[PDB]
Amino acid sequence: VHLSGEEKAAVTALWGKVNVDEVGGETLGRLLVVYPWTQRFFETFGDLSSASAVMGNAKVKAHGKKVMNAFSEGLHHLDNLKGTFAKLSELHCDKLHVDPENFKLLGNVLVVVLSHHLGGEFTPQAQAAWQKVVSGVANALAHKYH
């Protein structure tokens, strides 16, 4: 996907206003609560038996931070997401067997959480650019499956 200079600058500025710890925990927690089959991949994280248990799980939060850190790498390489995410794509396909549809779901939960976090600042225009970002990341991660 191609972001213009202005689209890139806008997603950069907005990400900087974000509490990454909160957004990471919120995103991965909501993935597990809203799409409960994704819990199968995270058995080792412990108690996921209720929404409150999921959102209060420290391993979910710490993992969410690692996922956000990967999005950060992506934002610095929007012209080469496939190369950037090649090892992670291999991990999710060949080791973890995550169906690539779930990459799209996580991206869209991130968009819902950015909206939740940022309110009016997350404008319809801001969202358009962020949809390009999360689509690009999902596509890059799905590449080893191809």
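We number the residues from 1 along the sequence you see.
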> Comparing 107-115 with 80-88, which stretch shows the greater average C-alpha B-factor in the deposited entry?
Replying inline: 80-88
> Which is higher on average in the deposited entry, the C-alpha temperature factors of 119-127 or of 14-22?
Replying inline: 14-22
> Among 93, 68, 53, 33, where is the Cα temperature factor highest, going by the PDB entry?
Replying inline: 93
>> Going by the CA temperature factor in the PDB record, which third of the chain does residue 138 belong to: lowest, middle or highest?
In response: middle
>> Where does the C-alpha B-factor of residue 47 rank in its chain, lowest, middle or highest third?
In response: lowest
